[PDB]
Amino acid sequence: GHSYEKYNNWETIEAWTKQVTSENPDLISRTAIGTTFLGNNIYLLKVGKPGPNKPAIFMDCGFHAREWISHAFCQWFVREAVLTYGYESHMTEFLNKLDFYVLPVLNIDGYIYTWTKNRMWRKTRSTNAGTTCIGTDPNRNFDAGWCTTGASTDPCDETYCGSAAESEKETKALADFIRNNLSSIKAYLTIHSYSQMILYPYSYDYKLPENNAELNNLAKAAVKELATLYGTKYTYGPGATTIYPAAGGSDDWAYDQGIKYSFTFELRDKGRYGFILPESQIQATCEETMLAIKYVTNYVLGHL
Ligand SMILES: NS(=O)(=O)N[C@@H](Cc1ccccc1)C(=O)O
Ligand SMILES: [Zn+2]
Ligand SMILES: [Zn+2]
């Protein structure tokens, strides 16, 4: 049984992607953009009312297997889209004028493993040459200063960069989709936890994007909007100096493809529960995060 206020296993999220699409055919379609290491379908939802030459926003969740609140958020976003369409003026305008590509779980194999064997697993579940250690960090596997600072060359490490950029089937699938839809995708949003941040480029080096002032102002305003609901305090800024330097991240890669609005969200909390955020916080976390996502979306729409 699926619930938006609980953490759902992969079988349940998979079934949900089919059911939410069949229940909302005028607003949602579903495709698979590839398969994981273990052969699971990587589902992607296109959320929006059909129309001509619509720009798009791309949002993924579940890069990191243990960050269960991320997976919950992508589901919550779709929940909001279908529930409030027609009733809330902004969400309705967004869905009428833009498409949201929502990838509810990227690292499906890792997610399954957090349910079955090890709640604190992070990486994919692929093999590595010359060792029995498993997995690559998907957020060190993109072609963005690949395998330099904040990424490990050791396959037994939690930030292992992989054998090559896009070595993982999952990251290759996501990068292929973005490259194939680059002319329409205007913003890239990638949802993680924890530590309460809105990050933008760059993480792979201490450098700033050409539109730094714009991104800084946008992130600042999104954080302020998020705080209006429950007073939850987020920090923001370029990744390298706001959290830590880390190469091979998808947000930086997406930005370097020309997607000018590229953000990594780190959701609740600040470490009390960390990755094992209780189910009792799903609602509040998702609702406040919606305000930041809607703020960013509204900005993108008005600055086409
Ligand atoms: N969610 S997290 O704890 O893993 N934090 C992220 C931070 C991060 C964000 C953007 C680019 C590189 C790194 C990570 O991939 O390390
Ligand atoms: Zn993460
Ligand atoms: Zn709501």
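Along the sequence shown, the residues carry numbers beginning at 1.
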Open item on the list: Check for me, please, whether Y295 and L291 land in the same ILVMFWY cluster - side-chain distances under 4.5 Å, paths through other members count.
Closed with: no

Task: Gap between atom OG1 of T153 and atom CZ of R140 - 0.5 Å precision - done: 13.5 Å

Open item on the list: Please check this pair: side chain of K123 against backbone of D157, looking for a donor-acceptor N/O pair closer than 3.5 Å.
Closed with: yes

Open item on the list: If the threshold is 4.0 Å, N to carboxylate O, is there a salt bridge linking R268 and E288?
Closed with: yes

Open item on the list: Any side-chain to backbone donor/acceptor pair from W146 onto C161? Under 3.5 Å, distance only.
Closed with: yes

Task: Spatial distance of atom NE2 (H71) from atom NE2 (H64) [nearest 0.5 Å] - done: 10.5 Å

Task: Exceeds 12 heavy-atom contacts within 6.0 angstrom, atom CD1 of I276 - done: no

Open item on the list: Please check this pair: side chain of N216 against backbone of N212, looking for a donor-acceptor N/O pair closer than 3.5 Å.
Closed with: no

Task: Co-members of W121 in a cluster of I, L, V, M, F, W and Y side chains, linked at under 4.5 Å - done: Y113, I134

- [ ] Decide, yes or no, whether a salt bridge links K294 with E80 under the criterion of side-chain N to carboxylate O below 4.0 Å.
- [x] no

TODO: May I have all residue pairs that pass ring pair (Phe, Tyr, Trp, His ring centres under 6.0 Å) and include part of residues 262-291, sequence neighbours excluded?
DONE: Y194-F275

Open item on the list: Parallel, tilted or perpendicular, judged at 30° and 60°: which one describes the rings of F58 and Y188?
Closed with: parallel

Task: Test item: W16 and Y43 side chains (from C-beta on) under 4.5 Å apart, heavy atoms - done: no

- [ ] Taking the side chain as every heavy atom from C-beta outward, state whether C74 and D60 have any pair of such atoms under 4.5 Å apart.
- [x] no

